[PDB]
Amino acid sequence: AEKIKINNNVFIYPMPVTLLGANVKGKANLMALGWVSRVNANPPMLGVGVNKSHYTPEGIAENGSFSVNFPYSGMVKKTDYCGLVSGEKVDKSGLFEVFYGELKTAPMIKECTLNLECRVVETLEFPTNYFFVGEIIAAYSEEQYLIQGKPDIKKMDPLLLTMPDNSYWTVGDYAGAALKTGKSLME
Amino acid sequence: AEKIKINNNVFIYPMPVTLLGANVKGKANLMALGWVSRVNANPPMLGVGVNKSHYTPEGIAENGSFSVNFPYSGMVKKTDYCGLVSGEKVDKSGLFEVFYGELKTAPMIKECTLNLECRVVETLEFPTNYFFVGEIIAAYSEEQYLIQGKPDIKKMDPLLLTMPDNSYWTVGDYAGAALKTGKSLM
Ligand SMILES: Cc1cc2nc3c(=O)[nH]c(=O)nc-3n(C[C@H](O)[C@H](O)[C@H](O)COP(=O)(O)O)c2cc1C
Ligand SMILES: Cc1cc2nc3c(=O)[nH]c(=O)nc-3n(C[C@H](O)[C@H](O)[C@H](O)COP(=O)(O)O)c2cc1C
């Protein structure tokens, strides 16, 4: 099969599905977020991609903090709703049970399986988006999501996202041991 | 029940599974990469998070270019191999069939399902990792991975990753229409 040139506007296959929390004018906001990735190993840093058109960036700029929150699959609707409406027009502070942590100002979602509380280290600006690089200063889960002290993805049952087809997916079958199977081909 | 604090070195659940391609000293190199995200809508830009201890950043730094390649699930072994061995000591240029694009500087993998050829726009440095921001200037797939010229993830069959438990996963079942199912709560 020959290689075909396609539209340059391609998204990652798949994206994760997260809820991004920020205080904006003292009130908790949440937006749906798929543009999240680790950036730095030590200290542990992630980055978050946010359109300049959204309400959320004002809050992240104000507070220098944000959270990354992982819903389970049964929260699909509330999650999607947070990616359909803006905090500019619609109060999203009441949709979830909100808790705060050490940074005081990054609102986190009680119902989410995992919450990463982040301190803005650097705000990167690109033509249509900010990418807020944050240090993970505290991480929260619950015992029922952990195996040997660490998050277990099957317990979490997180969502996945694909655009512009606009689909949600869940995690499928185990597919091998990472940093392991490749050793089979070594030396 | 109650929230409990766990260790701060937390990865995204799950990560994507990608092969990062660069020329180093005129020779193709590939590493496994889960630290990638889109960073700008228009023009299309992604960012890649790369340890300073790796061989690949030397190549991206030389060339001002790199590629992002999506293996399908049957490629797990060679993919993990690329995440274990460094081009510093082990030549990885022959592991896969390599093709180049418009830039002629960023090596892409024929066997992969989707190849993104990227021009570095901005390079950031953090204490242990570079963060290279690239513009997607060319994107390559095959008819067999496409619906109306658009990648279909089930045809692609890409790998997912979780760490530090170090598990690969594939994609599961359709779970709803994004930017749609949530319309009910309005
Ligand atoms: C599943 C999903 C993922 C999304 N991911 C992002 C993203 O990564 N970055 C972004 O800027 N917008 C993203 N959006 C769109 C925003 O969440 C949406 O416009 C939201 O209403 C912004 O909220 P706000 O105005 O209160 O900040 C996503 C939407 C959906 C439904
Ligand atoms: C599946 C998996 C994902 C990985 N993701 C990243 C990553 O996102 N960033 C990074 O710096 N290293 C990552 N690594 C580690 C590098 O891929 C690995 O150290 C590789 O051997 C580097 O090779 P190089 O020295 O030729 O660049 C990953 C490893 C595995 C197996």
# chains A, B, ... in the order shown; residues from 1 in each chain; ligands from 1

call {"tool": "closest_atom_pairs", "arguments": {"of": "stretch 9-119 of chain B", "to": "stretch 104-120 of chain A", "cutoff": "12 Å", "atoms": "only C-alpha atoms", "output": "Markdown table"}}
result
| residue | atom | partner | partner_atom | distance |
| --- | --- | --- | --- | --- |
| B:9 | CA | A:116 | CA | 10.1 |
| B:10 | CA | A:116 | CA | 8.1 |
| B:11 | CA | A:116 | CA | 9.9 |
| B:12 | CA | A:116 | CA | 9.8 |
| B:13 | CA | A:114 | CA | 9.2 |

call {"tool": "closest_atom_pairs", "arguments": {"of": "chain B", "to": "ligand 2", "cutoff": "10 Å", "atoms": "only C-alpha atoms and all ligand atoms", "output": "tab-separated table"}}
result
residue	atom	partner	partner_atom_place_in_ligand_line	distance
B:15	CA	ligand 2	3 (C)	8.2
B:16	CA	ligand 2	3 (C)	8.4
B:17	CA	ligand 2	1 (C)	6.0
B:18	CA	ligand 2	3 (C)	7.5
B:19	CA	ligand 2	17 (O)	8.1
B:20	CA	ligand 2	17 (O)	8.2
B:21	CA	ligand 2	27 (O)	9.0
B:22	CA	ligand 2	27 (O)	8.8
B:24	CA	ligand 2	26 (O)	9.3
B:28	CA	ligand 2	26 (O)	9.7
B:29	CA	ligand 2	26 (O)	6.1
B:30	CA	ligand 2	26 (O)	6.1
B:31	CA	ligand 2	17 (O)	4.4
B:32	CA	ligand 2	17 (O)	3.8
B:33	CA	ligand 2	5 (N)	3.4
B:34	CA	ligand 2	8 (O)	3.7
B:35	CA	ligand 2	8 (O)	3.6
B:36	CA	ligand 2	8 (O)	6.7
B:48	CA	ligand 2	8 (O)	7.2
B:49	CA	ligand 2	9 (N)	5.1
B:50	CA	ligand 2	11 (O)	3.5
B:51	CA	ligand 2	11 (O)	3.7
B:52	CA	ligand 2	11 (O)	7.3
B:53	CA	ligand 2	25 (O)	7.1
B:54	CA	ligand 2	25 (O)	3.7
B:55	CA	ligand 2	25 (O)	3.7
B:56	CA	ligand 2	27 (O)	3.7
B:57	CA	ligand 2	27 (O)	6.9
B:58	CA	ligand 2	27 (O)	8.6
B:59	CA	ligand 2	27 (O)	8.9
B:76	CA	ligand 2	1 (C)	8.8
B:77	CA	ligand 2	31 (C)	9.7
B:78	CA	ligand 2	31 (C)	9.9
B:79	CA	ligand 2	1 (C)	7.1
B:80	CA	ligand 2	31 (C)	4.6
B:81	CA	ligand 2	31 (C)	7.1
B:82	CA	ligand 2	21 (O)	5.6
B:83	CA	ligand 2	17 (O)	3.4
B:84	CA	ligand 2	21 (O)	4.0
B:85	CA	ligand 2	21 (O)	4.1
B:86	CA	ligand 2	25 (O)	3.5
B:87	CA	ligand 2	26 (O)	3.7
B:88	CA	ligand 2	25 (O)	6.0
B:89	CA	ligand 2	26 (O)	8.3
B:90	CA	ligand 2	26 (O)	7.9
B:91	CA	ligand 2	26 (O)	8.3
B:92	CA	ligand 2	26 (O)	7.7
B:128	CA	ligand 2	11 (O)	9.0
B:129	CA	ligand 2	11 (O)	6.8
B:130	CA	ligand 2	11 (O)	8.3
B:131	CA	ligand 2	11 (O)	9.5
B:159	CA	ligand 2	1 (C)	8.9
B:160	CA	ligand 2	1 (C)	8.4
B:161	CA	ligand 2	1 (C)	6.3
B:162	CA	ligand 2	1 (C)	8.4
B:163	CA	ligand 2	2 (C)	8.6
B:166	CA	ligand 2	1 (C)	8.1
B:167	CA	ligand 2	1 (C)	8.7
B:168	CA	ligand 2	1 (C)	7.8

call {"tool": "write_last_selection", "arguments": {"atoms": "C-alpha atoms", "output": "PDB file, in the first residue's frame"}}
result
ATOM      1  CA  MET B  15      -0.408   7.488  27.198  1.00  0.00           C
ATOM      2  CA  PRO B  16      -0.378   7.210  23.420  1.00  0.00           C
ATOM      3  CA  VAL B  17       2.281   4.973  21.852  1.00  0.00           C
ATOM      4  CA  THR B  18       4.384   6.625  19.238  1.00  0.00           C
ATOM      5  CA  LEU B  19       7.766   6.228  17.577  1.00  0.00           C
ATOM      6  CA  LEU B  20       9.781   9.428  17.496  1.00  0.00           C
ATOM      7  CA  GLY B  21      12.030   9.623  14.416  1.00  0.00           C
ATOM      8  CA  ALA B  22      15.088  11.851  13.960  1.00  0.00           C
ATOM      9  CA  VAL B  24      21.364  11.850  14.022  1.00  0.00           C
ATOM     10  CA  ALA B  28      17.810   7.582  11.115  1.00  0.00           C
ATOM     11  CA  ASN B  29      17.029   7.042  14.784  1.00  0.00           C
ATOM     12  CA  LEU B  30      13.794   6.023  16.477  1.00  0.00           C
ATOM     13  CA  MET B  31      12.682   6.064  20.110  1.00  0.00           C
ATOM     14  CA  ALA B  32       9.402   5.137  21.754  1.00  0.00           C
ATOM     15  CA  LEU B  33       7.437   8.167  22.878  1.00  0.00           C
ATOM     16  CA  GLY B  34       4.355   8.633  25.081  1.00  0.00           C
ATOM     17  CA  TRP B  35       4.931  12.294  25.934  1.00  0.00           C
ATOM     18  CA  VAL B  36       3.271  13.931  22.917  1.00  0.00           C
ATOM     19  CA  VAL B  48       7.280  16.178  22.209  1.00  0.00           C
ATOM     20  CA  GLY B  49       8.800  15.515  25.684  1.00  0.00           C
ATOM     21  CA  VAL B  50      12.272  14.021  25.397  1.00  0.00           C
ATOM     22  CA  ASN B  51      14.795  13.113  28.072  1.00  0.00           C
ATOM     23  CA  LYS B  52      18.120  14.973  27.875  1.00  0.00           C
ATOM     24  CA  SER B  53      19.804  11.574  28.542  1.00  0.00           C
ATOM     25  CA  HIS B  54      18.625  10.247  25.161  1.00  0.00           C
ATOM     26  CA  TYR B  55      20.366  10.196  21.781  1.00  0.00           C
ATOM     27  CA  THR B  56      17.365  11.488  19.819  1.00  0.00           C
ATOM     28  CA  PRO B  57      17.486  15.198  20.987  1.00  0.00           C
ATOM     29  CA  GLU B  58      20.973  15.584  19.428  1.00  0.00           C
ATOM     30  CA  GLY B  59      19.351  14.765  16.091  1.00  0.00           C
ATOM     31  CA  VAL B  76       4.635  -3.969  20.031  1.00  0.00           C
ATOM     32  CA  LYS B  77       7.929  -5.848  20.271  1.00  0.00           C
ATOM     33  CA  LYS B  78      10.048  -3.708  17.935  1.00  0.00           C
ATOM     34  CA  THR B  79       8.292  -0.650  19.389  1.00  0.00           C
ATOM     35  CA  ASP B  80       9.301  -1.604  22.950  1.00  0.00           C
ATOM     36  CA  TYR B  81      12.819  -2.427  21.663  1.00  0.00           C
ATOM     37  CA  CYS B  82      13.050   1.197  20.420  1.00  0.00           C
ATOM     38  CA  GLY B  83      12.096   2.278  23.932  1.00  0.00           C
ATOM     39  CA  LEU B  84      14.872   0.215  25.567  1.00  0.00           C
ATOM     40  CA  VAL B  85      17.962   0.549  23.400  1.00  0.00           C
ATOM     41  CA  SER B  86      19.676   3.911  22.573  1.00  0.00           C
ATOM     42  CA  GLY B  87      20.964   4.921  19.134  1.00  0.00           C
ATOM     43  CA  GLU B  88      24.116   5.911  21.044  1.00  0.00           C
ATOM     44  CA  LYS B  89      25.137   2.230  21.197  1.00  0.00           C
ATOM     45  CA  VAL B  90      22.669   0.337  18.978  1.00  0.00           C
ATOM     46  CA  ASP B  91      21.926   1.407  15.403  1.00  0.00           C
ATOM     47  CA  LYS B  92      18.152   1.453  14.902  1.00  0.00           C
ATOM     48  CA  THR B 128      15.509  16.830  32.649  1.00  0.00           C
ATOM     49  CA  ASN B 129      13.737  17.028  29.288  1.00  0.00           C
ATOM     50  CA  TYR B 130      13.615  19.038  26.120  1.00  0.00           C
ATOM     51  CA  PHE B 131      10.158  19.959  24.838  1.00  0.00           C
ATOM     52  CA  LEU B 159      -1.115   0.941  21.229  1.00  0.00           C
ATOM     53  CA  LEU B 160      -1.782   2.636  24.569  1.00  0.00           C
ATOM     54  CA  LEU B 161       0.636   2.770  27.503  1.00  0.00           C
ATOM     55  CA  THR B 162       0.551   2.958  31.236  1.00  0.00           C
ATOM     56  CA  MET B 163       3.554   3.540  33.565  1.00  0.00           C
ATOM     57  CA  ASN B 166       4.548  -0.746  32.323  1.00  0.00           C
ATOM     58  CA  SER B 167       1.554  -2.130  30.445  1.00  0.00           C
ATOM     59  CA  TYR B 168       0.532  -1.902  26.810  1.00  0.00           C
TER      60      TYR B 168
END

call {"tool": "closest_atom_pairs", "arguments": {"of": "chain A", "to": "ligand 1", "cutoff": "8 Å", "atoms": "only C-alpha atoms and all ligand atoms", "output": "Markdown table"}}
result
| residue | atom | partner | partner_atom_place_in_ligand_line | distance |
| --- | --- | --- | --- | --- |
| A:17 | CA | ligand 1 | 1 (C) | 6.0 |
| A:18 | CA | ligand 1 | 3 (C) | 7.5 |
| A:29 | CA | ligand 1 | 26 (O) | 6.0 |
| A:30 | CA | ligand 1 | 26 (O) | 6.0 |
| A:31 | CA | ligand 1 | 17 (O) | 4.3 |
| A:32 | CA | ligand 1 | 17 (O) | 3.9 |
| A:33 | CA | ligand 1 | 5 (N) | 3.5 |
| A:34 | CA | ligand 1 | 8 (O) | 3.9 |
| A:35 | CA | ligand 1 | 8 (O) | 3.8 |
| A:36 | CA | ligand 1 | 8 (O) | 6.8 |
| A:48 | CA | ligand 1 | 8 (O) | 7.1 |
| A:49 | CA | ligand 1 | 9 (N) | 5.0 |
| A:50 | CA | ligand 1 | 11 (O) | 3.4 |
| A:51 | CA | ligand 1 | 11 (O) | 3.7 |
| A:52 | CA | ligand 1 | 11 (O) | 7.3 |
| A:53 | CA | ligand 1 | 25 (O) | 7.3 |
| A:54 | CA | ligand 1 | 25 (O) | 3.9 |
| A:55 | CA | ligand 1 | 25 (O) | 3.8 |
| A:56 | CA | ligand 1 | 27 (O) | 3.6 |
| A:57 | CA | ligand 1 | 27 (O) | 6.9 |
| A:79 | CA | ligand 1 | 31 (C) | 7.1 |
| A:80 | CA | ligand 1 | 31 (C) | 4.5 |
| A:81 | CA | ligand 1 | 31 (C) | 6.9 |
| A:82 | CA | ligand 1 | 21 (O) | 5.7 |
| A:83 | CA | ligand 1 | 17 (O) | 3.4 |
| A:84 | CA | ligand 1 | 21 (O) | 4.5 |
| A:85 | CA | ligand 1 | 21 (O) | 4.0 |
| A:86 | CA | ligand 1 | 25 (O) | 3.3 |
| A:87 | CA | ligand 1 | 26 (O) | 3.6 |
| A:88 | CA | ligand 1 | 25 (O) | 6.0 |
| A:90 | CA | ligand 1 | 26 (O) | 7.8 |
| A:92 | CA | ligand 1 | 26 (O) | 7.5 |
| A:129 | CA | ligand 1 | 11 (O) | 6.9 |
| A:161 | CA | ligand 1 | 1 (C) | 6.1 |
| A:166 | CA | ligand 1 | 1 (C) | 7.8 |
| A:168 | CA | ligand 1 | 1 (C) | 7.6 |

call {"tool": "residues_around", "arguments": {"residues": "stretch 63-73 of chain B", "least_positions_apart": "4", "cutoff": "8 Å", "atoms": "only C-alpha atoms", "output": "ChimeraX atom specification"}}
result
/A:175 /B:17-23,59,79,103,105-109,111-121,134,156-159,170

call {"tool": "residues_around", "arguments": {"residues": "residue B:148", "least_positions_apart": "3", "cutoff": "12 Å", "atoms": "only C-alpha atoms", "output": "list in words"}}
result
residues 4, 6, 7 and 165 of chain A; 142, 143, 144, 145, 151 and 152 of chain B

call {"tool": "write_last_selection", "arguments": {"atoms": "N, CA and C atoms", "output": "mmCIF file, in the first residue's frame"}}
result
data_model
loop_
_atom_site.group_PDB
_atom_site.id
_atom_site.type_symbol
_atom_site.label_atom_id
_atom_site.label_comp_id
_atom_site.auth_asym_id
_atom_site.auth_seq_id
_atom_site.Cartn_x
_atom_site.Cartn_y
_atom_site.Cartn_z
ATOM 1 N N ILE A 4 -0.349 7.818 1.444
ATOM 2 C CA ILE A 4 -1.279 8.861 1.034
ATOM 3 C C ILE A 4 -1.051 10.115 1.881
ATOM 4 N N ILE A 6 -2.395 13.255 3.733
ATOM 5 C CA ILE A 6 -3.691 13.654 4.295
ATOM 6 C C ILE A 6 -3.631 15.028 4.986
ATOM 7 N N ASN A 7 -4.791 15.517 5.422
ATOM 8 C CA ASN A 7 -4.912 16.783 6.151
ATOM 9 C C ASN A 7 -3.885 16.887 7.291
ATOM 10 N N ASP A 165 -13.495 13.016 14.033
ATOM 11 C CA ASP A 165 -14.607 12.080 14.054
ATOM 12 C C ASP A 165 -15.451 12.228 15.332
ATOM 13 N N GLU B 142 -2.377 5.438 4.815
ATOM 14 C CA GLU B 142 -2.674 4.530 3.700
ATOM 15 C C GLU B 142 -4.181 4.405 3.601
ATOM 16 N N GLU B 143 -4.689 4.090 2.410
ATOM 17 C CA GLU B 143 -6.140 3.978 2.210
ATOM 18 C C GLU B 143 -6.788 3.053 3.261
ATOM 19 N N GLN B 144 -6.113 1.941 3.560
ATOM 20 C CA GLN B 144 -6.611 0.916 4.480
ATOM 21 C C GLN B 144 -6.804 1.400 5.931
ATOM 22 N N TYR B 145 -6.235 2.564 6.274
ATOM 23 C CA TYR B 145 -6.365 3.167 7.617
ATOM 24 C C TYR B 145 -7.332 4.362 7.677
ATOM 25 N N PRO B 151 -8.062 9.401 9.299
ATOM 26 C CA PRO B 151 -7.686 8.228 10.079
ATOM 27 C C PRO B 151 -8.838 7.686 10.901
ATOM 28 N N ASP B 152 -8.977 6.365 10.904
ATOM 29 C CA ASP B 152 -9.959 5.686 11.738
ATOM 30 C C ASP B 152 -9.181 4.846 12.725
#

call {"tool": "select_by_dssp", "arguments": {"residues": "chain A", "states": "strand (DSSP E or B)", "output": "PyMOL selection string"}}
result
chain A and resi 4-6+15-16+18-24+27-33+36-40+45-51+65-70+72+98-99+108-109+114-125+129-141+146-147+150-151+158-162+167-177

call {"tool": "closest_residue", "arguments": {"among": "B:3, B:46, B:132, B:99", "to": "chain A", "atoms": "only C-alpha atoms"}}
result
B:3

call {"tool": "atom_distance", "arguments": {"atom1": "atom CA of residue B:165", "atom2": "atom CA of residue B:126"}}
result
25.0 Å

call {"tool": "select_by_dssp", "arguments": {"residues": "chain B", "states": "helix (DSSP H, G or I)", "output": "tab-separated table (two decimals) with N, CA and C atoms, in the first residue's frame"}}
result
chain	number	residue	atom	x	y	z
B	56	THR	N	18.25	10.84	20.79
B	56	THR	CA	17.36	11.49	19.82
B	56	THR	C	17.43	13.04	19.78
B	57	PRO	N	17.46	13.72	20.96
B	57	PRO	CA	17.49	15.20	20.99
B	57	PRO	C	18.66	15.83	20.23
B	58	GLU	N	19.82	15.15	20.22
B	58	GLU	CA	20.97	15.58	19.43
B	58	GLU	C	20.61	15.69	17.95
B	59	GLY	N	19.81	14.75	17.47
B	59	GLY	CA	19.35	14.76	16.09
B	59	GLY	C	18.31	15.83	15.79
B	60	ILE	N	17.33	16.00	16.68
B	60	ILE	CA	16.31	17.03	16.48
B	60	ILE	C	16.97	18.42	16.51
B	61	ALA	N	17.96	18.57	17.40
B	61	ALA	CA	18.74	19.81	17.53
B	61	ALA	C	19.58	20.13	16.29
B	62	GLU	N	20.12	19.10	15.63
B	62	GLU	CA	20.85	19.27	14.38
B	62	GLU	C	19.93	19.69	13.24
B	63	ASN	N	18.79	19.00	13.15
B	63	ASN	CA	17.97	19.06	11.96
B	63	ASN	C	16.81	20.05	12.02
B	73	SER	N	-0.82	-2.60	16.72
B	73	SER	CA	-0.55	-3.44	17.90
B	73	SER	C	0.46	-4.58	17.67
B	74	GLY	N	0.45	-5.15	16.47
B	74	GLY	CA	1.39	-6.24	16.13
B	74	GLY	C	2.86	-5.83	16.13
B	75	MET	N	3.10	-4.53	16.21
B	75	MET	CA	4.45	-3.97	16.20
B	75	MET	C	4.97	-3.74	17.62
B	76	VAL	N	4.28	-4.26	18.63
B	76	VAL	CA	4.63	-3.97	20.03
B	76	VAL	C	6.08	-4.28	20.40
B	77	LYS	N	6.60	-5.39	19.87
B	77	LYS	CA	7.93	-5.85	20.27
B	77	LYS	C	9.05	-4.92	19.80
B	78	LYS	N	9.05	-4.62	18.51
B	78	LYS	CA	10.05	-3.71	17.93
B	78	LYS	C	9.87	-2.31	18.52
B	79	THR	N	8.63	-1.93	18.75
B	79	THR	CA	8.29	-0.65	19.39
B	79	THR	C	8.90	-0.54	20.79
B	80	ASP	N	8.71	-1.57	21.61
B	80	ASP	CA	9.30	-1.60	22.95
B	80	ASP	C	10.83	-1.65	22.89
B	81	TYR	N	11.38	-2.42	21.94
B	81	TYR	CA	12.82	-2.43	21.66
B	81	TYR	C	13.38	-1.01	21.48
B	82	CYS	N	12.71	-0.23	20.63
B	82	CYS	CA	13.05	1.20	20.42
B	82	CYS	C	12.94	2.07	21.66
B	143	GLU	N	-4.69	4.09	2.41
B	143	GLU	CA	-6.14	3.98	2.21
B	143	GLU	C	-6.79	3.05	3.26
B	144	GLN	N	-6.11	1.94	3.56
B	144	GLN	CA	-6.61	0.92	4.48
B	144	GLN	C	-6.80	1.40	5.93
B	145	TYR	N	-6.23	2.56	6.27
B	145	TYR	CA	-6.37	3.17	7.62
B	145	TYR	C	-7.33	4.36	7.68
B	153	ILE	N	-9.38	5.10	14.01
B	153	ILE	CA	-8.58	4.46	15.07
B	153	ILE	C	-8.70	2.91	15.12
B	154	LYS	N	-9.89	2.38	14.89
B	154	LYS	CA	-10.06	0.92	14.79
B	154	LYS	C	-9.28	0.28	13.62
B	155	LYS	N	-9.25	0.93	12.46
B	155	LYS	CA	-8.38	0.48	11.36
B	155	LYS	C	-6.89	0.59	11.71
B	156	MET	N	-6.55	1.66	12.43
B	156	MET	CA	-5.18	1.90	12.88
B	156	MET	C	-4.72	0.88	13.92
B	181	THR	N	-23.16	13.85	23.12
B	181	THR	CA	-23.88	13.16	24.22
B	181	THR	C	-24.19	14.07	25.40
B	182	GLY	N	-23.31	15.02	25.67
B	182	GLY	CA	-23.48	15.96	26.78
B	182	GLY	C	-24.55	17.02	26.56
B	183	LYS	N	-25.13	17.06	25.36
B	183	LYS	CA	-26.18	18.04	25.02
B	183	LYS	C	-27.43	17.88	25.91
B	184	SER	N	-27.66	16.67	26.41
B	184	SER	CA	-28.79	16.38	27.31
B	184	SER	C	-28.80	17.18	28.62
B	185	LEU	N	-27.61	17.49	29.14
B	185	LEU	CA	-27.47	18.21	30.42
B	185	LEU	C	-27.72	19.71	30.31

call {"tool": "atom_distance", "arguments": {"atom1": "atom CA of residue A:160", "atom2": "atom CA of residue A:181"}}
result
24.7 Å

call {"tool": "closest_residue", "arguments": {"among": "A:145, A:132, A:126, A:99", "to": "chain B", "atoms": "only C-alpha atoms"}}
result
A:126

call {"tool": "atom_distance", "arguments": {"atom1": "atom CA of residue B:7", "atom2": "atom CA of residue A:139"}}
result
6.5 Å
